[PDB]
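coords.pdb follows (PDB, N, CA, C and O atoms):
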```pdb
MODEL        1
ATOM      1  N   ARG A   1      16.961  19.671  15.383
ATOM      2  CA  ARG A   1      15.641  20.050  15.971
ATOM      3  C   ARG A   1      14.885  20.987  15.017
ATOM      4  O   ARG A   1      14.759  22.173  15.263
ATOM      5  N   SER A   2      14.381  20.461  13.925
ATOM      6  CA  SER A   2      13.631  21.313  12.952
ATOM      7  C   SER A   2      12.711  20.445  12.084
ATOM      8  O   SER A   2      12.944  19.263  11.912
ATOM      9  N   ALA A   3      11.672  21.026  11.535
ATOM     10  CA  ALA A   3      10.727  20.242  10.674
ATOM     11  C   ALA A   3      11.433  19.727   9.410
ATOM     12  O   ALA A   3      11.091  18.683   8.884
ATOM     13  N   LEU A   4      12.408  20.451   8.917
ATOM     14  CA  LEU A   4      13.133  20.004   7.684
ATOM     15  C   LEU A   4      14.483  19.352   8.035
ATOM     16  O   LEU A   4      15.276  19.056   7.162
ATOM     17  N   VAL A   5      14.751  19.126   9.300
ATOM     18  CA  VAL A   5      16.048  18.495   9.693
ATOM     19  C   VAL A   5      15.822  17.032  10.099
ATOM     20  O   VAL A   5      16.396  16.131   9.519
ATOM     21  N   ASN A   6      14.991  16.791  11.088
ATOM     22  CA  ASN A   6      14.727  15.383  11.530
ATOM     23  C   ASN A   6      14.083  14.577  10.394
ATOM     24  O   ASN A   6      14.428  13.431  10.172
ATOM     25  N   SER A   7      13.162  15.168   9.665
ATOM     26  CA  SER A   7      12.513  14.431   8.532
ATOM     27  C   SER A   7      13.582  14.010   7.517
ATOM     28  O   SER A   7      13.612  12.879   7.071
ATOM     29  N   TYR A   8      14.474  14.909   7.171
ATOM     30  CA  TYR A   8      15.561  14.560   6.207
ATOM     31  C   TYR A   8      16.480  13.506   6.842
ATOM     32  O   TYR A   8      16.887  12.559   6.199
ATOM     33  N   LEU A   9      16.795  13.667   8.107
ATOM     34  CA  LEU A   9      17.672  12.674   8.801
ATOM     35  C   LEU A   9      16.990  11.300   8.812
ATOM     36  O   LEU A   9      17.599  10.294   8.494
ATOM     37  N   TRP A  10      15.725  11.258   9.160
ATOM     38  CA  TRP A  10      14.987   9.958   9.174
ATOM     39  C   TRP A  10      14.845   9.430   7.740
ATOM     40  O   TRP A  10      15.088   8.270   7.476
ATOM     41  N   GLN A  11      14.459  10.279   6.813
ATOM     42  CA  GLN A  11      14.305   9.831   5.391
ATOM     43  C   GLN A  11      15.606   9.184   4.897
ATOM     44  O   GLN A  11      15.586   8.195   4.188
ATOM     45  N   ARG A  12      16.737   9.733   5.278
ATOM     46  CA  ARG A  12      18.046   9.153   4.845
ATOM     47  C   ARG A  12      18.253   7.768   5.473
ATOM     48  O   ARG A  12      18.763   6.864   4.838
ATOM     49  N   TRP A  13      17.857   7.593   6.715
ATOM     50  CA  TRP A  13      18.028   6.263   7.382
ATOM     51  C   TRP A  13      17.224   5.195   6.622
ATOM     52  O   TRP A  13      17.714   4.114   6.359
ATOM     53  N   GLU A  14      16.004   5.496   6.255
ATOM     54  CA  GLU A  14      15.184   4.500   5.501
ATOM     55  C   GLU A  14      15.704   4.386   4.065
ATOM     56  O   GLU A  14      15.772   3.306   3.510
ATOM     57  N   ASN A  15      16.089   5.491   3.467
ATOM     58  CA  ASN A  15      16.624   5.450   2.068
ATOM     59  C   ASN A  15      17.776   4.442   1.986
ATOM     60  O   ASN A  15      17.820   3.616   1.095
ATOM     61  N   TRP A  16      18.697   4.495   2.919
ATOM     62  CA  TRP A  16      19.835   3.524   2.906
ATOM     63  C   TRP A  16      19.296   2.114   3.185
ATOM     64  O   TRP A  16      19.647   1.163   2.514
ATOM     65  N   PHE A  17      18.433   1.986   4.167
ATOM     66  CA  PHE A  17      17.851   0.651   4.496
ATOM     67  C   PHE A  17      17.179   0.063   3.246
ATOM     68  O   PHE A  17      17.410  -1.075   2.887
ATOM     69  N   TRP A  18      16.364   0.843   2.574
ATOM     70  CA  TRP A  18      15.689   0.342   1.336
ATOM     71  C   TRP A  18      16.728   0.085   0.238
ATOM     72  O   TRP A  18      16.636  -0.880  -0.491
ATOM     73  N   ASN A  19      17.715   0.944   0.117
ATOM     74  CA  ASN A  19      18.761   0.752  -0.939
ATOM     75  C   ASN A  19      19.374  -0.655  -0.849
ATOM     76  O   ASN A  19      19.558  -1.316  -1.853
ATOM     77  N   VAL A  20      19.686  -1.118   0.339
ATOM     78  CA  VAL A  20      20.285  -2.488   0.478
ATOM     79  C   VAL A  20      19.188  -3.563   0.589
ATOM     80  O   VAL A  20      19.400  -4.705   0.225
ATOM     81  N   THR A  21      18.022  -3.213   1.077
ATOM     82  CA  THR A  21      16.922  -4.225   1.198
ATOM     83  C   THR A  21      16.277  -4.480  -0.170
ATOM     84  O   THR A  21      15.882  -5.589  -0.479
ATOM     85  N   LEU A  22      16.172  -3.465  -0.988
ATOM     86  CA  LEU A  22      15.556  -3.645  -2.338
ATOM     87  C   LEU A  22      16.571  -4.275  -3.295
ATOM     88  O   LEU A  22      16.386  -5.382  -3.757
ATOM     89  N   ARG A  23      17.639  -3.573  -3.585
ATOM     90  CA  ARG A  23      18.692  -4.106  -4.512
ATOM     91  C   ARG A  23      18.063  -4.604  -5.827
ATOM     92  O   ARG A  23      17.855  -5.790  -6.004
ATOM     93  N   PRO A  24      17.779  -3.673  -6.709
ATOM     94  CA  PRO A  24      17.171  -4.023  -8.019
ATOM     95  C   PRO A  24      18.230  -4.603  -8.973
ATOM     96  O   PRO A  24      18.661  -3.954  -9.909
ATOM     97  N   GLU A  25      18.647  -5.822  -8.739
ATOM     98  CA  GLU A  25      19.675  -6.455  -9.625
ATOM     99  C   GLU A  25      19.004  -7.381 -10.650
ATOM    100  O   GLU A  25      17.837  -7.711 -10.528
ATOM    101  N   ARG A  26      19.741  -7.798 -11.659
ATOM    102  CA  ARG A  26      19.173  -8.706 -12.713
ATOM    103  C   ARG A  26      17.998  -8.034 -13.451
ATOM    104  O   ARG A  26      17.898  -6.816 -13.396
TER     105      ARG A  26
ENDMDL
END
```
Kindly present the structure from the file in structure tokens form.
Amino acid sequence: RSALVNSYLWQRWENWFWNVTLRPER
């Protein structure tokens, strides 16, 4: 419950989602 806690928690959820959705291979 903080301005720098939920934002970091949400940012991490998308960071992982993009990490596997993007996959810069080749």
(request) Name the residues of chain A that come out as helix (DSSP H, G or I) in a backbone DSSP run; write them as a PyMOL selection string. (result) chain A and resi 6-22
Save out the residues we just selected, N, CA, C and O atoms, as an mmCIF file, in the coordinates of the input.
```
data_model
loop_
_atom_site.group_PDB
_atom_site.id
_atom_site.type_symbol
_atom_site.label_atom_id
_atom_site.label_comp_id
_atom_site.auth_asym_id
_atom_site.auth_seq_id
_atom_site.Cartn_x
_atom_site.Cartn_y
_atom_site.Cartn_z
ATOM 1 N N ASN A 6 14.991 16.791 11.088
ATOM 2 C CA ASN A 6 14.727 15.383 11.530
ATOM 3 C C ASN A 6 14.083 14.577 10.394
ATOM 4 O O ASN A 6 14.428 13.431 10.172
ATOM 5 N N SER A 7 13.162 15.168 9.665
ATOM 6 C CA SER A 7 12.513 14.431 8.532
ATOM 7 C C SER A 7 13.582 14.010 7.517
ATOM 8 O O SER A 7 13.612 12.879 7.071
ATOM 9 N N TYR A 8 14.474 14.909 7.171
ATOM 10 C CA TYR A 8 15.561 14.560 6.207
ATOM 11 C C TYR A 8 16.480 13.506 6.842
ATOM 12 O O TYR A 8 16.887 12.559 6.199
ATOM 13 N N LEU A 9 16.795 13.667 8.107
ATOM 14 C CA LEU A 9 17.672 12.674 8.801
ATOM 15 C C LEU A 9 16.990 11.300 8.812
ATOM 16 O O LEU A 9 17.599 10.294 8.494
ATOM 17 N N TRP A 10 15.725 11.258 9.160
ATOM 18 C CA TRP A 10 14.987 9.958 9.174
ATOM 19 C C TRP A 10 14.845 9.430 7.740
ATOM 20 O O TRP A 10 15.088 8.270 7.476
ATOM 21 N N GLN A 11 14.459 10.279 6.813
ATOM 22 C CA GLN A 11 14.305 9.831 5.391
ATOM 23 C C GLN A 11 15.606 9.184 4.897
ATOM 24 O O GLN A 11 15.586 8.195 4.188
ATOM 25 N N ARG A 12 16.737 9.733 5.278
ATOM 26 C CA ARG A 12 18.046 9.153 4.845
ATOM 27 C C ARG A 12 18.253 7.768 5.473
ATOM 28 O O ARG A 12 18.763 6.864 4.838
ATOM 29 N N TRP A 13 17.857 7.593 6.715
ATOM 30 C CA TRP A 13 18.028 6.263 7.382
ATOM 31 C C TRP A 13 17.224 5.195 6.622
ATOM 32 O O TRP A 13 17.714 4.114 6.359
ATOM 33 N N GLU A 14 16.004 5.496 6.255
ATOM 34 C CA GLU A 14 15.184 4.500 5.501
ATOM 35 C C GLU A 14 15.704 4.386 4.065
ATOM 36 O O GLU A 14 15.772 3.306 3.510
ATOM 37 N N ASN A 15 16.089 5.491 3.467
ATOM 38 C CA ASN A 15 16.624 5.450 2.068
ATOM 39 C C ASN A 15 17.776 4.442 1.986
ATOM 40 O O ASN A 15 17.820 3.616 1.095
ATOM 41 N N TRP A 16 18.697 4.495 2.919
ATOM 42 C CA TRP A 16 19.835 3.524 2.906
ATOM 43 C C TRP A 16 19.296 2.114 3.185
ATOM 44 O O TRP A 16 19.647 1.163 2.514
ATOM 45 N N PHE A 17 18.433 1.986 4.167
ATOM 46 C CA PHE A 17 17.851 0.651 4.496
ATOM 47 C C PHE A 17 17.179 0.063 3.246
ATOM 48 O O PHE A 17 17.410 -1.075 2.887
ATOM 49 N N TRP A 18 16.364 0.843 2.574
ATOM 50 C CA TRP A 18 15.689 0.342 1.336
ATOM 51 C C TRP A 18 16.728 0.085 0.238
ATOM 52 O O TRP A 18 16.636 -0.880 -0.491
ATOM 53 N N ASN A 19 17.715 0.944 0.117
ATOM 54 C CA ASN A 19 18.761 0.752 -0.939
ATOM 55 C C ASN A 19 19.374 -0.655 -0.849
ATOM 56 O O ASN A 19 19.558 -1.316 -1.853
ATOM 57 N N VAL A 20 19.686 -1.118 0.339
ATOM 58 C CA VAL A 20 20.285 -2.488 0.478
ATOM 59 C C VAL A 20 19.188 -3.563 0.589
ATOM 60 O O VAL A 20 19.400 -4.705 0.225
ATOM 61 N N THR A 21 18.022 -3.213 1.077
ATOM 62 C CA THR A 21 16.922 -4.225 1.198
ATOM 63 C C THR A 21 16.277 -4.480 -0.170
ATOM 64 O O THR A 21 15.882 -5.589 -0.479
ATOM 65 N N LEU A 22 16.172 -3.465 -0.988
ATOM 66 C CA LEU A 22 15.556 -3.645 -2.338
ATOM 67 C C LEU A 22 16.571 -4.275 -3.295
ATOM 68 O O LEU A 22 16.386 -5.382 -3.757
#
```
For CA of residue 24 (chain A) and CA of residue 10 (chain A), the interatomic separation in Å (one decimal):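 So the two atoms, CA of residue 24 (chain A) and CA of residue 10 (chain A), lie 22.3 Å apart.
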Expected axis-aligned box over every listed atom of region 3-11 of chain A, 4 Å added per side, centre plus edges in Å to one decimal, as JSON:
```
{"center_x": 14.2, "center_y": 14.6, "center_z": 7.9, "size_x": 14.9, "size_y": 20.8, "size_z": 15.3}
```
